[PDB]
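Written below as structure tokens is the structure these notes are about.
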Amino acid sequence: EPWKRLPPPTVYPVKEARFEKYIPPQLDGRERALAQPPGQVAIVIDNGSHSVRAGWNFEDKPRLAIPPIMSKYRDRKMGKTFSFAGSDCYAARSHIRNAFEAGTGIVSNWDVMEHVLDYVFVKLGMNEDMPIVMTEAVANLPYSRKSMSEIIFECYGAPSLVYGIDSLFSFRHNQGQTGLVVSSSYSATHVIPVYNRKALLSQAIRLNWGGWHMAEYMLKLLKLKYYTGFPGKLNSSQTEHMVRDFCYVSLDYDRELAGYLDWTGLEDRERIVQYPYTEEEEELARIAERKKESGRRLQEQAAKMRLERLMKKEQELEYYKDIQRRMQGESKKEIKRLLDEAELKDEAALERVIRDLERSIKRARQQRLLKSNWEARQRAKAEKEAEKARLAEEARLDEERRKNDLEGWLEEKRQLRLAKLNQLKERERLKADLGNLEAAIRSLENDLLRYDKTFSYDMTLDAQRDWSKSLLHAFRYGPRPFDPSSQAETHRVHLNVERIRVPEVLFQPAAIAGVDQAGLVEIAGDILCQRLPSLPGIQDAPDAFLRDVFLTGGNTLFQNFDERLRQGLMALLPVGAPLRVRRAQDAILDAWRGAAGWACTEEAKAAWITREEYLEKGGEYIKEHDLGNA
Amino acid sequence: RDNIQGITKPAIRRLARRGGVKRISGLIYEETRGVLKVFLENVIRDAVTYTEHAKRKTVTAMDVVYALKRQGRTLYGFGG
Amino acid sequence: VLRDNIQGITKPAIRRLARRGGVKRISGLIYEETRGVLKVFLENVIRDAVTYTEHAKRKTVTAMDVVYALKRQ
Amino acid sequence: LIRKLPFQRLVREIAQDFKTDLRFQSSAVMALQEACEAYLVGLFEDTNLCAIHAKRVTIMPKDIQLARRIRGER
DNA sequence: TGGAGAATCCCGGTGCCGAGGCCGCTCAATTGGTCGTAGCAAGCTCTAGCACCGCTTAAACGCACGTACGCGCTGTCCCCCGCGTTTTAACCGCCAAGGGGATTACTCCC
DNA sequence: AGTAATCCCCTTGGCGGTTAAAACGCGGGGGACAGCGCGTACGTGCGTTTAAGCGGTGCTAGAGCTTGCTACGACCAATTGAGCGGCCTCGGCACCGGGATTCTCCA
Ligand SMILES: Nc1ncnc2c1ncn2[C@@H]1O[C@H](COP(=O)(O)OP(=O)(O)OP(=O)(O)O)[C@@H](O)[C@H]1O
Ligand SMILES: [Mg+2]
């Protein structure tokens, strides 16, 4: 059997957002910053909903990368307040709040945002004056721009601030002259057309699906898969690591999906994630004796009721035979009068009752009464012994039938098996409503198994009911048997179809998760084919953009994401179009690197807003520039 | 045929007045018609079941009263 | 003699019964209201269960007397 | 859900109003408890709808009283 | 507070139809005796209901304290009410029909 | 003993009209519903203690079953009057009209 042949399963421990070590204030960064030439130093903050990434413009990578979360609480034992603002929170008490509105790119809890920024400036080593470059959501809300500016200029007093878009910084860092920028991030997916290094933000589109939504959706699907119960505490922080580690984009979803749960090869399509389970004769002899006596008592009680039914049925039988002894040679009125004493109405009803009692009985001062009761048991024993005689010789006759008419005898077993299955079907398909054989079926199928070379176990009724012929076992537990007793085989989830079903929401949002928005290929194709050729200032559209479709943000890092997008776009473009899909180098940090390289250029310093310009114009005002919002 | 629309807006209003209702959303009227016919479709199928099982081709007042009494809504006055 | 045993259905027990009914949050006045509900119910069940016991001239109330009392609700 | 011993004592205490020195078969108390838990659980379901209908997530005594009034228990 | 006017009440008058009493009779309730039996009573069995002790630890309680949510407040706007107009179909009466169920005739078959 | 015509009765259907009830229009009001601020009242976590739950021992009330018979209800035939179907009438309740009292709303 396959589960006996298959190797032991390979299993992956659950991963979650966890603290690992402290990091001190990085005073060498402050030292290096004070050493830079005038107007060539800035603090660069990539304000990401998954990670805030921060560092110095003159360095090649962030010094900090922390979730935009705070935890603040009063210790009920020690009696003092504690406060935390990143991965310093163990994501020990997880009183967590998040700066962003859940599943969106917009900051809305400004108290968390200040705590996150306090942690940033502390760990960058600021103690008392530095220009700030901060990334911003596409089409970011003016109220959030205002609130962020107020914090930067009036809480922290910074000399100058500029906002730009993480998608576009990533593009310019990778030599983006002109192209279609495709960003899938934690919060969102965007397609932005970029022309002559300037983004055409009036033509940008947002999907409202991203790496957060995939973690939440993977969580819903797992809580549905194991809806009858799962012992581990399923958190979307865990399903995020499952989506990172195990999910991939299909190159032909319907053909890969339709075969995914087929038992052959599911061993290699499944992946198994295991939660931290706990491993759990005089005693037994005495208890078993008490059980054995209790069972014996139940057996005696059944036999005592059976013996009461034996004596009752034999006494009933004797009475009905006493009628028959009269009825033979007596009138219909005597027949009717004796039947009326039974309140029966037919001699053959007495025959049926006489036989049916015998058919039941065969299965199962004082001395004259006691022995005549024992003689009713001897009348029962005569039915019981005649039953024994009947069965022994009838079986020997059938053994001759097997020897003498083997093929017809096999053909009989088929005809009987079907007829018995028909009665079971006539029972069950009806009783499935009307409720509001089996050993005979087996015995027939057993001889068919024994000697009918046309028969197989796969047609056995039990095989129709077997777990390894089911689909939901493959879905929930894969190629291998399952028992709830094993603490190691409980506490594990089998990902199966969700390996591919979760990434495919980007391509099929309404069909898979009901998002009611166009898929990624349809968004990009609407821009390339319908919009940009209509926009009158543009030249060489679409073709100039097709030469660089560019992938950015962590939620693009799925395997086959590029080739899926290429093959999807290839069918929407005219034949021989020079379509190139390209990945960013290091598609997460690369948006910060773009902001850092841009930070002190003349283009950036023309776009900087000073504290005094902020006091003049207010916090909604922005210098419009290639990499930022209008 | 749709004589359910013969249960007019004034009639559904009058029933709500006897029920002690002061102000009635205009959406109530189609909800009330849907509720009324679901009631009738239970009582008549039982009243028919009685005439059918009692082998008559007319429906008597007592067929309804048995139907109601079995539905749980004992009616006094029409036999019963 | 017995008195005040209705305070034996504790407030955590009333929480468990409410949460299994799908309740999210519980007004602090529910706890005495639940007891006025449980007692009025359990009296008029036991009234019948005992009536079925002094009929048939017996002195244990049986599970069947309970079943016949519930069946009368 | 309800603790067994304080439910036994509640049953005895109630029963004494009808007949002194009754006895209760052990299966009779469990049959009472299982009906009471099923009754309270089923009423809290109906109160939760009364709260949710009044836009309140928190159930309140007038939610019990509306449920019972519509169930005809009052 | 007043007032006007509509809406609700009251007082006496009219008439119609159904409530209350009378009559004839049937047939269902009563008187009288029979006979079977079941369930009332006395008696034994042993189940299981009640009482108590001692131990374990999970379940119940009292308290600190934070923030999520119930509630009164404010503004709007839309949609359901009160009233006059238009119209349609419910109500009434009278005639038709058909159907069905009980009865009666006449023949063939037993 | 069967099958079809004859005849009662009672239900369904149509026609006319008349008028009372349903539908339609329109102004405005005020009640539904979204929005805001606060604050208090319920969920959470901890240390405390309380008694529910289990394993075990002892007793006797009384549930449950059998035996024996006679008191009580089932069954039948003869007797009769309490209760039902049909007819009558007069008085209670409705229905109307008209003047008197109440209540409502804008001033
Ligand atoms: N190798 C990977 N494969 C797939 N997904 C990944 C991988 N690494 C990270 N992710 C996921 O991609 C997302 C990270 O996106 P990224 O950090 O680029 O965005 P962000 O700047 O935090 O977000 P936003 O711009 O929406 O505010 C997370 O959902 C993360 O789980
Ligand atoms: Mg990002």
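Side-chain atoms are counted along with the backbone in the values below, which use heavy atoms only and exclude waters and symmetry mates. Chain A is the first sequence line, chain B the second, and so forth, proteins listed ahead of strands; every chain is numbered from 1.
- Atom name P, nucleotides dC83(E) and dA6(E): the rounded distance is 10 Å, in whole Å.
- With both pairing distances under 3.5 Å, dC109(E) is matched to nothing as a Watson-Crick or G-U wobble pair.
- Counting only heavy atoms from C-beta on, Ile24(B) has its side chain closest to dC81(E) among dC81(E), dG70(E), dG49(E).
- Contact check of residues 74-87 of chain A against DNA chain F (heavy atom, cut-off under 4.0 Å) returns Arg76(A), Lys77(A).
- Residues passing the salt bridge (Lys or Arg N to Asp or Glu O under 4.0 Å) test with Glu31(B), sequence neighbours excluded: none.
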Check: residues 4-14 of chain C side-chain donor-acceptor pairs under 3.5 Å, at least two apart:
unit_1: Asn5(C); atom_1: OD1; unit_2: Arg9(D); atom_2: NH1; d: 2.7
unit_1: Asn5(C); atom_1: ND2; unit_2: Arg3(C); atom_2: O; d: 3.3
unit_1: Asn5(C); atom_1: ND2; unit_2: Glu13(D); atom_2: OE1; d: 2.6
unit_1: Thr10(C); atom_1: OG1; unit_2: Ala13(C); atom_2: N; d: 3.3

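- Using a 4.0 Å cut-off, no side-chain N or O of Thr58(D) falls inside it from OP1 or OP2 of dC69(E).
- The heavy-atom pair separating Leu70(C) from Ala35(D) by the smallest distance is CD2-CB, 3.6 Å.
- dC11(E) has a positive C1'-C2'-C3'-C4' torsion, placing its sugar in the north range.
- Base-pair partner of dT104(F): not found among the strands shown (Watson-Crick or G-U wobble, both distances under 3.5 Å).
- Under the Watson-Crick or G-U wobble criterion, with both distances below 3.5 Å, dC80(E) is left unpaired in every strand shown.
- Both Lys72(A) and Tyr29(B) sit near DNA chain E, but only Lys72(A) has its closest nucleotide nearer the 5' end.
- Proximity of a side-chain donor or acceptor of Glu37(D) to a complementary backbone N or O of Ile2(D) within less than 3.5 Å is detected.
- For the side chain to side chain contact (heavy atoms under 4.5 Å, CB included) test, residues two or more places apart in sequence or in another chain that qualify with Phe19(A) are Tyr90(A).
- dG92(F) and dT19(F) are spaced 34 Å apart, taking the P atom of each and rounding to whole Å.
- Heavy-atom minimum distance, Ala69(C) versus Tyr52(C): N-CE1, 3.9 Å.
- Between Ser27(D) and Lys62(D), the residue anchored closer to the 5' end of DNA chain E is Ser27(D), taking for each the nucleotide with the nearest heavy atom.
- Atom CG in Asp21(D) sits about 14 Å away from atom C1' in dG62(F), given to the nearest Å.
- In the region residues 45-67 of chain B, proximity to DNA chain F at under 4.0 angstrom, judged on heavy atoms, holds for none of the residues.
- Contacts of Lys19(D) classified as salt bridge (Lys or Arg N to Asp or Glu O under 4.0 Å), with partners at least two apart in sequence or in another chain: none.
- In a base pair of the Watson-Crick type (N1 to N3 plus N6-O4 or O6-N4) or a G-U wobble (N1-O2 and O6-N3), with each distance short of 3.5 Å, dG16(F) is matched with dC92(E).
- The side chain to side chain contact (heavy atoms under 4.5 Å, CB included) check on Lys220(A) picks up nothing, with sequence neighbours excluded.
- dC84(F) and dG24(E) make up a base pair, with Watson-Crick or G-U wobble contacts both under 3.5 Å.
- Here the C1' atom of nucleotide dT67(E) and the CD1 atom of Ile96(A) are 17 Å apart, to the nearest Å.
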Problem set entry | Test log, rule side-chain contact (heavy atoms from CB on, under 4.5 Å), inputs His115(A) and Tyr119(A) | CA-CA 6 Å; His115(A) 279 74; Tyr119(A) 180 107; over 6 Å; no

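- The phosphate of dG66(E) has neither OP1 nor OP2 within less than 4.0 Å of any side-chain N or O from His95(A).
- The residue among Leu29(C) and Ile2(D) whose nearest nucleotide of DNA chain F lies closer to the 5′ end is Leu29(C).
- When heavy atoms are screened at a 4.0 angstrom cut-off, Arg97(A) is found touching no nucleic acid atom at all.
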For this session: Scan nucleotides 20-31 of chain F nucleotide by nucleotide, 5' to 3', and note B when protein non-hydrogen atoms come under 4.0 Å of the base, S if they reach only the sugar-phosphate, - if neither.
Result: --SS-------S

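- At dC50(E), none of the side-chain N or O atoms of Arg23(D) fall inside 4.0 Å of OP1 or OP2 (strictly under the cut-off).
- Within the 4.0 angstrom heavy-atom criterion, only backbone atoms of the sugar-phosphate kind lie near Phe24(D); the bases stay farther away.
- Of the residues in residues 29-54 of chain D, none has a non-hydrogen atom less than 4.0 angstrom from any atom of DNA chain F.
- Taking only side-chain atoms of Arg13(B), from C-beta outward, the nucleotide of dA52(F), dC81(E), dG49(E) with the closest atom is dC81(E).
- Judged by Watson-Crick or G-U wobble contacts below 3.5 Å, the nucleotide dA21(F) has no partner.
- A search for salt bridge (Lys or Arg N to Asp or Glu O under 4.0 Å) contacts involving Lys39(C) returns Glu43(C), not counting sequence neighbours.
- Put simply, CG on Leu5(D) is 10 Å from P on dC54(F), counting in whole angstrom units.
- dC93(F) and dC92(E): their P atoms are spaced 24 Å apart (whole Å).
- Atom P of nucleotide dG62(F) and atom CG of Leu22(D) are separated by 10 Å, given to the nearest angstrom.
- Here the P atom of nucleotide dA59(E) and the CZ atom of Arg19(C) are 14 Å apart, to the nearest Å.
- For the pair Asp63(D) (side chain) and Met60(D) (backbone), a donor-acceptor distance under 3.5 Å is present.
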Problem set entry | Test log, rule salt bridge (charged side-chain N to carboxylate O under 4.0 Å, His left out), inputs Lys146(A) and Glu620(A) | CA-CA 5 Å; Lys146(A) 177 188 301 182; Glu620(A) 296 183 27; 3.0 Å; yes

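- Rounded to an integer number of Å, the gap from CG of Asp111(A) to P of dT67(E) is 11 Å.
- The CZ-P distance, from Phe7(D) to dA52(F), rounds to 14 Å in whole Å.
- The shortest distance between side-chain heavy atoms of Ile59(D) and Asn48(D) falls below 4.5 Å.
- Out of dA34(F), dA63(F), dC71(E), the shortest distance to the side chain of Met60(D) is found at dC71(E).
- Across all strands shown, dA4(E) forms no Watson-Crick or G-U wobble pair with both key distances under 3.5 Å.
- Proximity of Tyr275(A) to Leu234(A): side-chain heavy atoms (C-beta onward) are separated by under 4.5 Å at one or more points.
- Atom NZ in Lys55(D) sits about 6 Å away from atom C1' in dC33(F), given to the nearest Å.
- In this view, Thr60(C) and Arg58(C), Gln25(D) satisfy the side chain to side chain donor-acceptor pair (under 3.5 Å) rule, not counting sequence neighbours.
- Among residues two or more places apart in sequence or in another chain, the salt bridge (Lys or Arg N to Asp or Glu O under 4.0 Å) test is passed with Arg68(D) by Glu73(D).
- When side chains are defined from C-beta on, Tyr68(C) counts as touching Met64(C), because their heavy atoms get closer than 4.5 Å.
- Base pairing of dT87(E): no nucleotide in any strand meets the Watson-Crick or G-U wobble criterion (both distances under 3.5 Å).
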